[PDB]
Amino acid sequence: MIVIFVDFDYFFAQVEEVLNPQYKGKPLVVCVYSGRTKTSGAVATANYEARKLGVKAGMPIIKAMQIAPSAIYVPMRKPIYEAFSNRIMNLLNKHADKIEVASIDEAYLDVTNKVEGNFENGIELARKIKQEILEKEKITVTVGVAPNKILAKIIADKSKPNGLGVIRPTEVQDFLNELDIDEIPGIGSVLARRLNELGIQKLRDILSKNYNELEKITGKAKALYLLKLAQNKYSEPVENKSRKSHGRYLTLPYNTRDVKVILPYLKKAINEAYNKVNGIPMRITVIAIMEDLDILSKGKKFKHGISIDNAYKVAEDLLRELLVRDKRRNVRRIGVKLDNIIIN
């Protein structure tokens, strides 16, 4: 098999640069402003100049402003980044037997048939692809080219930014050995630690250990997954999957336990979640982010689809029950998730 993985570079920030070339060359930070104050929010992405100063995705905006006070801070414009991505996924399309759009800024392409099976052919194709995206969209990207999906992702990651990473079959068995454990996709930094010290810290190490003492450190799924990787017998197909859920989250104007206060926002979230569903969800979940950023959810799945008007009543019921569960913490952000969709 042959896979071309594609990950757009500092994507949201790079798009703001294509849209405003003055931003290029200088610290730039794309921020999610909660609305609560003029700086409440989280960083979504920073360009590499901003990363040089310590700016990190996920970090609170005021934190970012203490270490990079002269960076440009811009509000997120997700619809524009979504467009950019749609357009690029379309370009990748014509180069792929199959394309699995993994997220807003990355995809896997099975090019086995396209390159007439030849590995080097595919490498050249990876090159032509990086050029097309730069020429057409002025976006730079990192690619990986390996016999499977997981490997293409690993060498791409080691090759950011603007990289063209490559693992040939020849060097697959080697790379898998020299492969550290944390460099593996699908293994949390918690799974890391509790595996890290406790015997395993490299990828060939699961090999020497036995499934028992591992099926309880990470579960059967991850255990078998690592096992297969370690012996180079992993090969999942490139398969595009449809979205299964559609959510909306809002920050409350102020922290509260008062359902009468929260309800209008919850309704607004329901309305906007619904407008994203290409169907009728059979399950609605309510998600409350408490004062301390702890996350509570209550959901309900029916035997039939849920109309929007119905969702309001169910959602208010679920939220009201959540607050019974907690009893003392105010809510900070509220969210709703719609899934188990009856597709049109």
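Don't overthink the numbering: it's just position in the shown sequence, from 1.
- In this entry, the higher average B-factor at the C-alpha atoms falls on 111-119, of the pair 111-119 and 84-92.
- As recorded in the PDB entry, 209-217 is the stretch of 239-247 and 209-217 with the greater mean C-alpha temperature factor.
- The entry assigns its greatest Cα B factor, within the set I133, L252, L263, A230, to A230.
- Comparing C-alpha B-factors across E137, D180, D258, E100 in the deposited entry, the largest value falls on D180.
- Sort the chain's modelled residues by C-alpha temperature factor and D105 lands in the lowest third, per the entry.
- Per-chain ranking of the deposited C-alpha B factor places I343 in the highest third.
- Sort the modelled residues of the chain by CA B factor and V6 lands in the lowest third.
- Sorting the modelled residues of the chain by their CA temperature factor places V172 in the highest third.
- For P79, the recorded CA temperature factor ranks within the lowest third of the chain's modelled residues.
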